[PDB]
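Neighbour counts are summed over all protein chains in view; Cβ atoms, including those assigned to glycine, are modelled from backbone coordinates with ideal geometry. What is reported rests on the model, the rules as stated and the sources as named; these are not laboratory values.
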Amino acid sequence: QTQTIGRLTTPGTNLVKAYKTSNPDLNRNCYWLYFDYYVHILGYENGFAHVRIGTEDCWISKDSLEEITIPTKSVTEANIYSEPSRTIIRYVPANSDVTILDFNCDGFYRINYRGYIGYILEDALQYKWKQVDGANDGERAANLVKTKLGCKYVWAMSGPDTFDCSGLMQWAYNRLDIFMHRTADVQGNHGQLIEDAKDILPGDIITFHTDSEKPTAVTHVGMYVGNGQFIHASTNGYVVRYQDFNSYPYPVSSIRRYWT
């Protein structure tokens, strides 16, 4: 499928309602999407853009996002194929200036090279769309939140500069084209369940019971980042901060793995 790149702009605010069809009851949105998130644009219809995050697709107002392209230079000669697979369309010298139109196409960017359109290997271009390093998406997610240490706590925010506990998680996995829902309790009910804290890995999310007088309730979430530490947007300082996993005095509800 041919797709373009969307960056949410939500003019004048931080959120836009999402719907599951192009003719919705505007009062019955399935959830929201947020400022500076990234999506694949599937198409347009009835004033809405059809967007996709990983395995999730929904509809948002065309005014809430902007279609964008990404220029970069190549660092490794390779062939621009007609689809993300090594019919040849052209060739890219040493470091040619190109323009990316789509990403994460089974290892292949979709680009424009001096007027020629097609798919090129990800590692051939200087720009790396995940931004961070890591052995798997879990470690990448962990390194993404580490970049946010010190960011201030604000309710209902998901970046780029302020966060609440659940927004930090959804922001991090949106940067990896992996969708999770917005609230802590829903996040803790999806992805692969890790029943054993000794088996946790960076990028795994942890939900917690933080109210002793409502001990089954789930309002708070963090992400394991290795070495017995997790990171969370916390009201204990109103900041994104490290937290010692073992001495944290609030019980775990679930450990969930959204990376594969």
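Tell me which residues, restricted to the stretch 102-150, are more than 18 Å from the chain's Cα centre (by Cα) and of a type in the set (S, T, N, Q).
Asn112, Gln126, listed by residue number.
Could you list, in sequence order, all residues of the stretch 12-29 that are surrounded by fewer than 14 Cβ atoms within 10 Å (Cβ to Cβ) and within 18 Å of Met157 (Cα to Cα)? Walk me through how you get there before you give the answer.
Residues of the stretch 12-29 that are surrounded by fewer than 14 Cβ atoms within 10 Å (Cβ to Cβ), as a first pass: 12-13, 20-21, 23, 25-28.
Correct list: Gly12, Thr13.
What is the residue count in the stretch 126-163 for residues that are surrounded by fewer than 22 Cβ atoms within 10 Å (Cβ to Cβ) and within 22 Å of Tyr238 (Cα to Cα)?
The total comes to 17.
Which residue, of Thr147, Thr162, is polar (S, T, N, Q) and over 19 Å from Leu33 (Cα atoms)?
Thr147
Output the residues belonging to the stretch 57-79 that are part of a loop (DSSP other than H, G, I, E, B) and either of a type in the set (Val, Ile, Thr) or assigned by CATH to the domain that holds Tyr34 (or both).
We begin by selecting, within the stretch 57-79, every residue part of a loop (DSSP other than H, G, I, E, B); these are 69, 75-78.
Answer for the stretch 57-79, where residues must be part of a loop (DSSP other than H, G, I, E, B) and either of a type in the set (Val, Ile, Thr) or assigned by CATH to the domain that holds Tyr34 (or both): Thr69, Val75, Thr76.
Please count how many residues of the stretch 146-171 are closer than 23 Å to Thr9 by Cβ and in contact with a strand residue (DSSP E or B) (Cβ under 9 Å, 6 or more places away or on another chain). Steps first, please.
Residues of the stretch 146-171 that are closer than 23 Å to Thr9 by Cβ, as a first pass: 147-148, 151-152, 154-164, 166-171.
If we keep only those that are in contact with a strand residue (DSSP E or B) (Cβ under 9 Å, 6 or more places away or on another chain) too, we end up with 148, 151-152, 154, 156-159, 161-164, 166-171.
Of the residues in that region, 18 qualify.
So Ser61 ticks every box in (1) under 30 Å from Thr162 (Cα atoms); (2) buried (at least 17 other Cβ atoms within 10 Å of the Cβ) but one. Which box is left unticked?
Result: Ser61 passes all but (2).
Yes/no per residue for (1) outside any helix (DSSP H, G or I); (2) more than 25 Å from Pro71 (Cβ to Cβ):
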position	(1), (2)
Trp129	yes, no
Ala135	yes, yes
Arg140	no, no
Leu144	no, no
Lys148	yes, yes
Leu168	no, yes
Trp171	no, no
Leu176	yes, no
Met180	yes, yes
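Could you run through the stretch 80-125 and say how many residues are in a strand (DSSP E or B), surrounded by fewer than 19 Cβ atoms within 10 Å (Cβ to Cβ) and touching an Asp or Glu at 6+ places or on another chain (Cβ under 8 Å)?
Summing the residues that are in a strand (DSSP E or B), surrounded by fewer than 19 Cβ atoms within 10 Å (Cβ to Cβ) and touching an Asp or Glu at 6+ places or on another chain (Cβ under 8 Å) in the stretch 80-125 gives 1.
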